[PDB]
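Values in this text are rule-based calculations from the coordinates and carry no lab data. For neighbour counting, all protein chains shown are included, and Cβ atoms are generated from backbone atoms with ideal geometry for every residue, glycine included.
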Amino acid sequence: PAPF
Amino acid sequence: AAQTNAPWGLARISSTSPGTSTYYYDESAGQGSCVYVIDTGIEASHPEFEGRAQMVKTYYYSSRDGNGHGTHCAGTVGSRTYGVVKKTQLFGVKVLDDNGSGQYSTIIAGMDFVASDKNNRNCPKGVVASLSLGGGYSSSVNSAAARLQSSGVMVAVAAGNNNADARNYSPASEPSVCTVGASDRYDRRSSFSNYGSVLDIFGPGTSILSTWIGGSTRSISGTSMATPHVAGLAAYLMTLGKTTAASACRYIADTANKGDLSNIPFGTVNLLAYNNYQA
C-alpha cells in the first residue's frame, strides 16, 4: 500500500 | 534556543512531560545534514523552507508536490516554524504521486537513488532518509531499506497506522532501519499507531501542525507525522555529533523518555523521542  | 508556543510535538520532543509549549533545541538545528524526504515531493518555494529545500528526483512528470503530504513531512523535519531541525537541507525525492501512492519498484528505486545521490551532495553531518510511507510486507522493500541503511543513511520509517503489529508492514519491519510509532499530546500511544517488537521509538504524530502546499499550513495526524520528528531529531543529533547514521536509531531509543506513554502493548517499547535539550 502507500504514505503513512 | 526556544520556540515559544511551538506546535505541541516540537514541545514534546524537548520535554520530559507532556503539556509544555516551548520547543527548546540547539541552535545548530540540523545544519550540515541532509534529509531526503522520500515522498510526494516538497513545495520548495514555500517560504518556511527558506530556500533550504529542493527537489532532486521525481519519478513522475513533474517534480512538484501536488499532494502536501511531502511538504507536510518536510516541514516537521525542517521548516522554520514547524520543524525539528530548522536548518537542515531537504531533498525531495518524489517516489509518490500527487495522490500519495506509488509502486514498490519506484519506492525501491528512490531508495537506491538516494544511496547513490548522497555521494554527490555535500552533507557534512550525515544523511537521513525519511520515509513516511509503507505498505504490506515486502522482502525487496525491506531489503532496499536495509541497503539504504547500510550505504550509510539513517533510515527513519513509519510504523504504519493500522493499530497493528508493524511486522506486517514494509519497510516498517526491516529490522535494520528505525521504525517510528506515533504518540498524542497526552502521552498516549496514537490510537492509530502500529506497535510491536520491531518498533524502535515513538514520536508525536497526533495533530501535528506543519507546512502545506500553496504556501499554507495544516495539522494532520499519523506515523507519517512522527517519522519526520525522529528523522528531524536524527538529523539534529547527527549535526550535533551525538550519533551516526548507523547508530542514530539505537541512540534515539537509548535517550528517550521511557515508560511515559500509555497504551503501550506488552512487547512494544515504551520509548518517546527526546532531544534531551539542556539550555
| message | So, in segment B:1-33, how many residues would count as being assigned to a strand (DSSP E or B) and either within 22 Å of B:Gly241 (Cα to Cα) or among the aromatic types (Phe, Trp, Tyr) (or both)? | response | 5
| Matching residues in segment B:209-228 - criterion: being within 14 Å of chain A (Cβ to nearest Cβ) and touching a strand residue (DSSP E or B) at 6+ places or on another chain (Cβ under 6 Å) | B:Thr223, B:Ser224, B:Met225, B:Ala226, B:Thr227, B:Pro228
| field | Which numbered condition B:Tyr36 fails, given (1) touching a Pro at 6+ places or on another chain (Cβ under 9 Å); (2) buried (at least 21 other Cβ atoms within 10 Å of the Cβ) | value | (1)
| said: If I go through segment B:18-44 residue by residue, how many of them are among the polar types (S, T, N, Q) and free of Cβ contacts under 8 Å to residues at least 60 places away in the same chain? | reply: 3
| said: If I filter segment B:220-230 for residues that are more than 26 Å from B:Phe113 (Cβ to Cβ) and surrounded by fewer than 24 Cβ atoms within 10 Å (Cβ to Cβ), do I get at least one hit? | reply: yes
| Does at least one position in segment B:8-26 carry a residue that is touching a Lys or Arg at 6+ places or on another chain (Cβ under 6 Å), among the aromatic types (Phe, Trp, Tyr) and buried (at least 19 other Cβ atoms within 10 Å of the Cβ)? | yes
| When you look at B:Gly75, is it within 14 Å of chain A (Cβ to nearest Cβ), closer than 30 Å to B:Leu271 by Cβ, in contact (Cβ under 8 Å) with a residue 60 or more places away in the chain and not charged (D, E, K, R), yes or no? | no
| message | Condition first: within 14 Å of chain A (Cβ to nearest Cβ), outside any loop (DSSP other than H, G, I, E, B) and buried (at least 18 other Cβ atoms within 10 Å of the Cβ). Can you find one or more residues in segment B:41-63 that meet it? | response | no
| field | Considering residues of segment B:130-148 that are more than 14 Å from chain A (Cβ to nearest Cβ) and surrounded by 24 or more Cβ atoms within 10 Å (Cβ to Cβ) only, the residue farthest from the chain's Cα centre (by Cα) | value | B:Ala144
| task | Return the residue satisfying two criteria in turn: it lies in segment B:158-192 and is closer than 13 Å to B:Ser132 by Cα and either polar (S, T, N, Q) or surrounded by fewer than 19 Cβ atoms within 10 Å (Cβ to Cβ) (or both), and of such residues it is farthest from the other protein chains (Cβ to nearest Cβ). | result | B:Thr179
| query | Any idea which residue in segment B:265-279 is nearest to B:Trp8 (Cα to Cα), counting only those that are among the hydroxyl-bearing types (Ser, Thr, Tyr) and buried (at least 17 other Cβ atoms within 10 Å of the Cβ)? | reply | B:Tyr274
| note | Taking segment B:193-208 and the residues there that are within 13 Å of chain A (Cβ to nearest Cβ) and more than 14 Å from the chain's Cα centre (by Cα), the one that is surrounded by the fewest Cβ atoms within 10 Å (Cβ to Cβ) would be B:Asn194
| query | If you take the residues of segment B:110-129 that are crowded, with 18+ Cβ neighbours inside 10 Å and touching a helix residue (DSSP H, G or I) at 6+ places or on another chain (Cβ under 7 Å), which of them is farthest from B:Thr223 (Cα to Cα)? | reply | B:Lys125
